[PDB]
Amino acid sequence: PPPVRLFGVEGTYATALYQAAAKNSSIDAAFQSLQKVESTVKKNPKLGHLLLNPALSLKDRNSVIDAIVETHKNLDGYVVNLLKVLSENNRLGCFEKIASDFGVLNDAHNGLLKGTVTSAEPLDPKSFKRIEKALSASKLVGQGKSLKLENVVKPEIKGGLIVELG
Amino acid sequence: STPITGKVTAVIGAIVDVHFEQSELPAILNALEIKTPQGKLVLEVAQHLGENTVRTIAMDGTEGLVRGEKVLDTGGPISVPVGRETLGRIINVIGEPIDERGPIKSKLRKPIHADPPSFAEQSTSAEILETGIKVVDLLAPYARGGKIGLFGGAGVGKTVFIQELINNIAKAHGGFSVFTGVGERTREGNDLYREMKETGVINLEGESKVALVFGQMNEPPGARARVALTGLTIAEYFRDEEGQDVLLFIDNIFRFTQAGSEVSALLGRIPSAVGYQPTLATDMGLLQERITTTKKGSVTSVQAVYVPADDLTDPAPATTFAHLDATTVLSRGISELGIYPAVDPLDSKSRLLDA
Amino acid sequence: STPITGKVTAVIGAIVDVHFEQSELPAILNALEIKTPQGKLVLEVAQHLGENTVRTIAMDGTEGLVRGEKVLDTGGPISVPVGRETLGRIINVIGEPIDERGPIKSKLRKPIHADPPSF
Amino acid sequence: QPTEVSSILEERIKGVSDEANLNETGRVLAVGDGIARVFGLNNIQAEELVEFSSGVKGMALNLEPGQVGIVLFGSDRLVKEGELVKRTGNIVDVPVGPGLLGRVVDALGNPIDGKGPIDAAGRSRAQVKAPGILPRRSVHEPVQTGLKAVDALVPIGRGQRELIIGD
Amino acid sequence: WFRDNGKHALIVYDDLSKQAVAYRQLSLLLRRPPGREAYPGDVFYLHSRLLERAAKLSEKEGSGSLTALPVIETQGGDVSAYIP
Amino acid sequence: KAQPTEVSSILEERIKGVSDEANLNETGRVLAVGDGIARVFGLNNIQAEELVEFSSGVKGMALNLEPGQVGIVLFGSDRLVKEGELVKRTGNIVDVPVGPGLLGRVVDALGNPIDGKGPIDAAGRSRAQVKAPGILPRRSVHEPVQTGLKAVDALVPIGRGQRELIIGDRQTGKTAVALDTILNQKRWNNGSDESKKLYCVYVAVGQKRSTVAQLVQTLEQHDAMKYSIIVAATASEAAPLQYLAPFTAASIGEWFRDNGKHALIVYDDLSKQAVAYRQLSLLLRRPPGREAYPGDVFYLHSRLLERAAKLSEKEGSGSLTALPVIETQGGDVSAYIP
Ligand SMILES: Nc1ncnc2c1ncn2[C@@H]1O[C@H](COP(=O)(O)OP(=O)(O)OP(=O)(O)O)[C@@H](O)[C@H]1O
Ligand SMILES: [Mg+2]
C-alpha cells in the first residue's frame, strides 16, 4: 500500500519501483542512485536529454542505458531493471523520477507549502500536520519574506464586488 | 546478400504487424513473405508505425499465426510472372499458377505497382478501334485505349459478348486480351475456363489469346484489390513491349471499389461518404490512368459496372463514370428477344461519336 | 511593468500554442503579440492547457511561424478605436484603419468582449 | 516546454521484471463483456483454443504485441482478473462423420439432444478453405425442393448457392 | 464430410444476419475499427469464406456436392442494406 | 568524468542524424510514414507550410508543428518516403515560379515543367497561398470579356474582374464553353493593345492525362497555346498536388493581374478539388462535416476565388477573371458544395 496515488500516466513506473523497494529493502539506496543518475544526465544536457528522443532505435536504447551504468555501477538494485524497461518502452526519464521523489518524500517528509490567504513557502519536515504549521509560519514570517505577496487579498475585493452588485 | 528479416508482432484480422530491425524496413507496397506449411503468405506493407514496425495487409488467409515467426522482404512490390507464357494459364494475385499445369516459364518478373505513362508519352489523338460487332462499332464505338463500361446483367449473354470481343480483337489487329476476374465466384470461373477451352480461345496444346487472372471472392480483402493491378501490369507489358492493342476485362469494378473501401476500414482510415474509403478517387485514378493508349501501343479496358440500389448518384458509380468514354448497356431481355447481341442501342452511348 | 514574454511551441493551422514562464500566464480572450515581418500578429487566448502553456487563436494568417518565437502580452482583450471619429473610417477586426485615410484619432478604446446589460 | 509526458497508455502495468515461461501460459489482465485480455501466451496461434482455470474455453482472435484478446465461449462470471490460463494447442475442430445423423449438436459438436455420446468418423477443422477452381464441375443434377414454384421457375442444383431473402 | 466422401448433402445456413450481428459484437468488443452501420470490415470476407465452401466436386474427387441455402432477413424490404 | 566523457563520445556515434549532426535543427528524421503524412523529428527552425525535401525527390509542406515533432504532408506518393530518412528544409514558403515565361507551357502544382519543352523561365516566385487584395485596391468591373457565345454575351454577361460559375452535370459542355472563351480571346490576343489582351490559365484537377493531352492538342490546332498556361493535377496524382494546384495557378494569374495586365483562369472541376481536400482532411483525423466534408471546404474555395478581381487605377488597373467549374450531381444546385 504505497502512501500516495500517482494515478498512472507514466507515473506508474515510479510506484512500481517504490513497491519493488518496499517489498524487500533499500528505499533509500535506489533513490539516491537515481538522483545521481539524474545529476549525470543533466551534467551533459546536449548529450543527456537529447539522447532521450524517440528517434532512437531499440538497440540504441540498450546502448545508451548500458552507457548510463558506469562510475562504479551506481545503478544499484532494480533501477537497472527500470532502465531496461524504459529501453523497450517510453524513453525520457525525468518526470517519473520526480514522481518517485514525491512518493518517497510523502513516505518520510510530509511537507506542504500552505498558508491559505498567505502566499508563503512553509515546507514542513514532519509527518504530523497538526500544529507544526504554526511554527513553520512563524519562522517564515519572522524572517525571509520570500514573496508573501497577495498583491490584493481576496475578501475585501470580492465583498466590495458583491455589495455593489446588491 | 543478407536477406531482410523480421518478427511478427501481431495479426489483427487480415492486418499483420511485423517488427523489423534497424535500417532494415522496406518501402510500403513492398511484398513480404513468411514460410507457412500451406504455402506462401505474402504481406503488402501499408504504413510505417515507427519503432521499426510496419503495418501490412495479408493477401491470403492468416490462420494459425504465432508472434515471432520469421519474415523475409522480397525487395519490391508483388511481382507477377509476365510474358507470352501467361497466355493459357490461370494465375493469381501473388503470381502463382493455380492452373496446376506446371510452373510459369516467364523470363521477366514485373512489379504490380508502377506509374502511368507521363504526359509526353500520352497519345494526343483520339483513336477508333474496330469491335467487329456492327451495332457496337456503329452506334457506340469503342475508344482505342478507352474505359468501356458494360452495363449488363444476368441471362443477357454478357460472357458471349466477351469471347466475341476477344476473338474479334485477336483477328483484327493483334489482340491478346487479359481477363481480370476481380472477385471471381469460382463457379462462374470454372464454367468460364471450360468455355475458354471449348471456344478455342484457350488452346492447351496450341497457343492461347487470353490470360485468366482472377482472385476468388473467398480471398482476404486486398487480394481482390490487387488482382486488377496484376492484370493491368500484364496488359501494360503486352502493350509496352509488343505494341499490340491489348484488351482488359474487369469482372466488376464495383467489387474493386468495395475491396478498396474494405481495406481502408481495416487500416483504421475514416470512411468518407457512404462507408467508402477516403481515397476512392485516388485509387480509381491510379487504376484507370495506367490503362491508356501510348505511342507504342494501346490498351482498352471493358469493365462491368454494378450500380448499388440502382442509384446513379452513388459515389463509386460516379467515380467510375469519371473514366468511361463509351458505355454498353446490354438489354435485359429487351433485345435478347430476337437480336442476339442485345445491346439496347438507344441506351448505350459513346463520347467519341463525333464527326 | 515588465513585458510578459513567452515562447511559441505549436502552430497548428490557425491554432497557436505558447509556453510561458513563472506566473506569467495571461488571461483568456486576452490579446498577445507576435512581431511578424509583415506587421502585428495578435494571439487571442482561447483555452488554458496547464504547465504554463496556453492555447490561442490567431487573428491573422500564421505564415512563417517558427516554434520558439518571442511573444508579447498586450495585457487585455483586443482593443479597438471607439467614437464619432470612426464614422467614415473603414476599420478591421483589430481596429487599424484599412481606408488609408490616415491614423485614427480615437479618444477612447474599449475591450471587444463585454457582458449583456442584465435586466 | 522542454519535454512532454512519456505515457498516455501502456499495456504493461506491473513492472516487477520476473515470471518467465509465459509462452504456453499467461495471466488475465482485464475481463468484461465476453472478452478477456491476457498477458503471455507467447506461442499462441491465431483463433487457437485456450483453456482457463475455471473450466471455460476461449478463442484467440486478437493477439496484440503485449497481450492477447481472448473471446469467451461462456459467461464472464467464471473468469477473474489474475487467473492462470493455458493454451490447448489445437484450432477449432468438430467431430465429423455419419453418426451425426438423427442427432442435434452444439456449435462445437457437443450433443444437446440428450441421446448419448456422439459417434464420429473424424475431426475436421471448423475453418477450412474452399475447393479450388479446377476440382469443381458444372452443376447439372437438380435439387427437388417439392415446391412447384421453386422447382419450375427458380431451379436448384446440387452444388448451388441460393438465398432465401425476405422480410 | 459428406461432400468429400462422395455423397450429396444439403445445408441450410438459415439466419446469417444474426451471425453478422454476432461478428459485429465480437469486433466492436475487441476495439476493431467499425464500418458501415458499425459492422466489422471483414464481414464480406467472412460470408464469402462461409458460402464458397459449398461446391459440386468433379468425378476424380468423388463427384460430391454441397448445396447452400442461406436465409437473410431484410428490414423493411431494404435489399440495399449492407449485409443483403 | 573521463569515463563518462568518453562513453558519451561513443554514444555520439551510431545515433548519427538524430541528435548528433546538425542538431536536427535544420534537418529531420522520419518517425513514421502514415496515410499521407510523415511524422518527422527535428527541424527546430522550421516554419509552417515550409517546403521540405525527403532526400528522395518528393516534396512536403508542414501542417502540424506540435512541440514534439512536425507533421508533414507528402507532395507525391508516400512509397518514396521511408521512416528514418533524413529530411532538410528548403527555407521558403511553398511558392511557384511566376512570370511571362510560362505561356505555351504546361506544368504541375509545383511549377515543374511536364511538357518536356525544357526549363521554365521565371520572373519571380510568389507564394502559393497569398493574401487576397483588401477592400481599398479593387474597382468595379467595366470592361467586358467576350466569350464568343451569344447566350453568354447577350445574356449573363461577364466582365473583367467577375467570378462567374459554370454549373452543370457530367456531360453538359462546361469544358466546351471554357474552351470557346479561350479561343475567342484570340481576336484581341494577336493585336497590340494590352488593355484588350487577355492571357489565359487552365487548371486540370483530377482530369485524365489523356483528356489533358487532347485539350493541349486542341489548343495547338487553333493556335491557342500562346497567352495560355495549363497546370495539371491528374486523377492519378496525390491528393496534396490536386489541393495545391489551384492556388499556384491563382498566383500565376495574380502575377499578370498585379503587373497591369488581364488574365483568364479556369478552375475546372473544383468539386474534385473539394474531394481531394476531404481525403486529405480525413487522412489527418479531422472531424467530418456535412457529407463528411470538413468545415473548411468553404474557406478553401473562398480564399481561392477571392484572389481574382479588377484592380483600381492606382495599382495599375489589372484584372483577374475566374471561371470555376462545378459538377452538380443529379442536376441540383441545392447541395452543400454547389
Ligand atoms: N458546342 C458544342 N458543339 C458540339 N459538341 C459539343 C459542344 N459542346 C459540347 N459538346 C460535346 O459534348 C460532350 C461534353 O462536352 P465537354 O467536352 O465540354 O464536357 P463537359 O460537359 O464540360 O464535362 P466532362 O469533361 O466532365 O464530360 C462532348 O462529346 C463534346 O464534344
Ligand atoms: Mg468537360
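As shown above, the structure is provided for reference.
The rules behind these values
Residues numbered from 1 in each chain as written, not as in the entry; some residues may be left out. Chains lettered and ligands numbered in written order. Part of a larger assembly, values for the part shown. Heavy atoms only, no water. Helix = DSSP H or I, 4+ residues; strand = E, 2+ residues; numbered from the N terminus. Rg over C-alpha atoms; globule rule 2.2 N^0.38 Å. Contact = heavy atoms within 4.5 Å. Areas by Shrake-Rupley, 256 points an atom, 1.4 Å probe, with all protein chains shown as cover. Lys, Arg positive; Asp, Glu negative; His and termini not counted. Charge placed at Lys NZ, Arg CZ, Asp CG, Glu CD. Buried < 20%, exposed > 50% of the residue type's maximum accessible area, 1.4 Å probe, protein only. Pairing = 2+ DSSP bridges. Salt bridge = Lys/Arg side-chain N within 4 Å of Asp/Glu carboxyl O. Near = heavy atom within 4 Å. Polar contact = N/O pair within 3.5 Å; in protein donor to acceptor, adjacent residues only side chain to side chain. Nonpolar A, V, L, I, M, F, W, Y, C, P; charged D, E, K, R; others polar. Core = buried A, V, L, I, M, F, W, Y, C linked by side-chain atoms within 4.5 Å. Buried area = accessible area lost by both parts, 1.4 Å probe. Axes fitted to C-alpha atoms, helices over the stretch in contact; angles between N-to-C directions. Parallel < 35°, antiparallel > 145°, perpendicular 65-115°, else oblique. Left-handed = near helix turned anticlockwise from the far one by under 90°. Patch = residues over 30% accessible without salt bridge, like charges linked within 9 Å, V, L, I, M, F, W, Y side chains within 5 Å.

Colleague: Lay out the overall build of chain D with the relevant residues and their values.
Modeller: The number of helices and strands found in chain D is one helix and 11 strands. Across chain D, helices and strands are ordered from the amino to the carboxyl terminus as β-β-β-β-β-β-β-β-β-α-β-β. For 167 residues, the compact-globule estimate of 2.2 N^0.38 gives 15 Å, and the C-alpha radius of gyration of chain D, at 24 Å, exceeds that figure by more than 25%. For chain D, the C-alpha atoms occupy an extent of roughly 80 × 50 × 35 Å along the three principal directions. Considering only contacts within chain D whose residues lie at least 6 apart along the sequence, 49% involve residues at least 24 apart. Working note: accessible area of chain D is about 9,500 Å², and carbon and sulfur atoms make up 56% of it. Both charge centroids of chain D, one from 19 positive and one from 22 negative side chains, sit 6 Å from each other.

Colleague: Lay out the overall build of chain B in plain terms, naming residues and giving numbers.
Modeller: A tally of regular secondary structure across chain B gives seven helices and 17 strands. Taken against the 2.2 N^0.38 rule, which gives 20 Å for 355 residues, the C-alpha radius of gyration of chain B at 21 Å falls within 12% of a compact globule. With the C-alpha coordinates of chain B rotated into their principal frame, the extents come out at 65 × 50 × 45 Å. When burial is assessed residue by residue, chain B has 61% of its 355 residues classed as buried. Pairs at least 24 apart in sequence give 71% of the contacts found in chain B among residues at least 6 apart. In the form shown here, chain B has an accessible surface area of approximately 13,500 Å², with 55% of it arising from carbon and sulfur atoms. Averaging the positions of the 34 positive and the 45 negative side-chain charges in chain B gives two centres separated by 3 Å.

Colleague: Please provide a residue-by-residue account of helix 6 (residues 280-289) of chain B, values included.
Modeller: An α-helical turn contains 3.6 residues, so a residue and the one three or four places further along point in the same direction. Of all the 10 residues making up helix 6 of chain B, seven are buried; the element is thus mostly covered by neighbouring parts of the structure. Among the residues making up helix 6 of chain B, those that are buried are B:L280, B:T282, B:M284, B:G285, B:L287, B:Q288 and B:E289.

Colleague: Break down the sheet that holds strand 1 (residues 5-12) of chain C for me, citing the residues and quoting the values.
Modeller: Read across the open sheet, the seven strands follow the order 4-3-7-1-2-6-5 (chain C); overall the sheet is antiparallel. Looking at the sheet topology across the chains shown, the edges are occupied by strand 4 (40-41) and strand 5 (43-50) of chain C.

Colleague: How would you explain the pattern of salt bridges if you had to name every residue and give the values?
Modeller: If you walk through the whole model with that rule in mind, you get 46 salt bridges over all chains. With a shortest N-O distance of 2.9 Å, B:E188 and B:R185 are connected by a salt bridge. B:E188 gets classed as partly exposed once you look at its relative accessible area, which sits at 30%. What makes B:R185 partly exposed here is its relative accessible area of 32%. Several salt bridges converge on common partners, so that one network encompasses F:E254, F:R257, F:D258 and F:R307.

Colleague: Lay out the site of ligand 1 with the relevant residues and their values.
Modeller: The full set of residues close to ligand 1 is B:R351, F:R170, F:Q171, F:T172, F:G173, F:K174, F:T175 and F:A176. Taken together, the residues near ligand 1 originate from chains B and F. A distance of 3.0 Å separates an oxygen atom of ligand 1 from a polar side-chain atom of B:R351. Here F:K174 contributes a backbone N or O atom positioned 2.7 Å from an oxygen atom of ligand 1. Here the residues of the shell around ligand 1 are counted per class, giving one nonpolar, four polar and three charged.

Colleague: How would you summarise the nonpolar core if you had to cite specific residues and measurements?
Modeller: Counting 72 residues, the largest nonpolar core has F:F75 and F:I265 as its most contacted members. The element contributing the most residues to this core is helix 6 (residues 239-258) of chain F, with 10 residues. The contacts of F:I265, once residues within four sequence positions are left out, are F:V201, F:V203, F:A249, F:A250, F:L320, F:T321, F:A322 and F:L323. Listed in part, the 48 residues of the second largest apolar core include B:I78, B:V80, B:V182 and B:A235.

Colleague: Please set out the interface of chain F and chain B residue by residue, giving values where relevant.
Modeller: Tallying the contact residues gives 36 residues for chain F and 46 residues for chain B. Of the roughly 3,400 Å² buried at the junction of chain F and chain B (both faces included), carbon and sulfur atoms supply 55%. Of all residues in chain F, F:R79, F:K208 and F:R209 bury the most surface against chain B, accounting for 20% of the area lost on that side. In this structure, the connection of chain F to chain B is made through two salt bridges.

Colleague: Residues and numbers for the packing of helix 7 (residues 270-283) of chain F against helix 8 (residues 297-305) of chain F, please.
Modeller: All names here are of chain F. Closest axis-to-axis distance for the helix 7/helix 8 pair is 10 Å, and the angle between their directions is 130°. Comparing their axes, helix 8 and helix 7 come out oblique. The interaxial crossing formed by helix 7 with helix 8 has right-handed handedness. Touching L270, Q273, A274 and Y277 of helix 7 are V297, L300, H301, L304 and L305, all from helix 8. Taken together, the residues of the contact of helix 7 with helix 8 sort by class into seven nonpolar, two polar and no charged.

Colleague: With reference to specific residues and values, describe the sheet that holds strand 11 (residues 164-166) of chain D.
Modeller: The sheet built from three strands is open, its strands ordered 11(D)-2(E)-1(E) with parallel pairing. Two strands in the sheet have a free side with no partner beyond their single neighbour: strand 11 of chain D together with strand 1 (8-15) of chain E. The mean inter-strand angle of the sheet, taken between neighbouring strand axes irrespective of direction, is 10°. With six bridges connecting them, strand 1 of chain E and strand 2 (residues 65-73) of chain E associate as parallel partners. Bridge pairing in strand 2 of chain E places E:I11 opposite E:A68.

Colleague: Give a detailed account of the side chain of E:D42, specifying residues and quantitative values.
Modeller: When you line up the elements, E:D42 lands in the loop between helix 1 (17-29) and helix 2 (44-52). Buried and without a salt bridge, E:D42 has E:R32 as its closest oppositely charged side chain, separated by 4.5 Å. In contact with E:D42, other than residues within four places in its own chain, are B:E262, B:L266 and E:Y23.

Colleague: Tell me about a positive patch on the surface, residues and numbers included.
Modeller: Residue and element names in this part refer to chain A. There is a patch of like positive charges on the surface, built from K114, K129, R130, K133 and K154. One can find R130 in the loop between helix 6 (95-108) and helix 7 (132-142). Overall, the relative accessible area of 66% leaves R130 in the exposed class.

Colleague: So what's going on with the pairing of strand 6 (residues 53-58) of chain C? Which residues, and what values?
Modeller: Residues and elements named next belong to chain C. Bridge count for strand 2 (residues 15-19) against strand 6 is five bridges, and the pairing is antiparallel. From the neighbouring strand, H19 faces strand 6, where its bridge partner is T53. Here strand 5 pairs with strand 6 via six bridges, running antiparallel. Following the sheet pairing, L43 is matched in strand 6 by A58. Once strand 5 ends, the chain turns through two residues before running back antiparallel as strand 6, passing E51 with a positive phi of about 45°.

Colleague: So, the environment of B:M284: which residues are in play, and what are the values?
Modeller: Residues and elements named next belong to chain B. Looking at the element boundaries, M284 is found in helix 6. Looking at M284, the relative accessible area reads 2%, which means it is buried. Leave out the neighbours within four places in its chain, and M284 touches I253, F256, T257, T319, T320 and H323.

Colleague: Summarise the arrangement of the chains; cite the residues concerned and give the values.
Modeller: These two, chain C and chain E, are apart from each other, with no contact and a minimum C-alpha gap of 27 Å. At the C-alpha level, the nearest point of chain E lies 14 Å from chain F, with no contact between them.

Colleague: Which residues make up the environment of D:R27, and what values do they have?
Modeller: Residue and element names in this part refer to chain D. As for its position among the elements, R27 is in strand 1 (residues 25-32). By relative accessible area, which is 27% here, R27 ends up partly exposed. Residues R27 and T3, spaced 24 residues apart in sequence, show a C-alpha to C-alpha distance of 34 Å. Sequence-distant contacts of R27, that is, excluding residues within four places in its chain, are made with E19, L22, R37, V38, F39, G82, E83, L84 and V85.

Colleague: Tell me what's going on with the pairing of strand 4 (residues 59-64) of chain F, and back it up with residues and numbers.
Modeller: Residue and element names in this part refer to chain F. Bridging between strand 3 (residues 50-53) and strand 4 involves three bridges; their strand directions are antiparallel. Across the sheet, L51 pairs through a bridge with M61, a residue of strand 4. What sits between strand 3 and strand 4 in their antiparallel hairpin is a turn of five residues, with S55 showing a positive phi close to 60°. The pairing of strand 4 with strand 5 (residues 70-75) spans five bridges and is classified as antiparallel. Residue pairing for strand 5: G60 is matched across the bridge by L74. The antiparallel hairpin formed by strand 4 and strand 5 contains five residues in its connecting segment.

No statement about biological role is implied by the geometric values presented.
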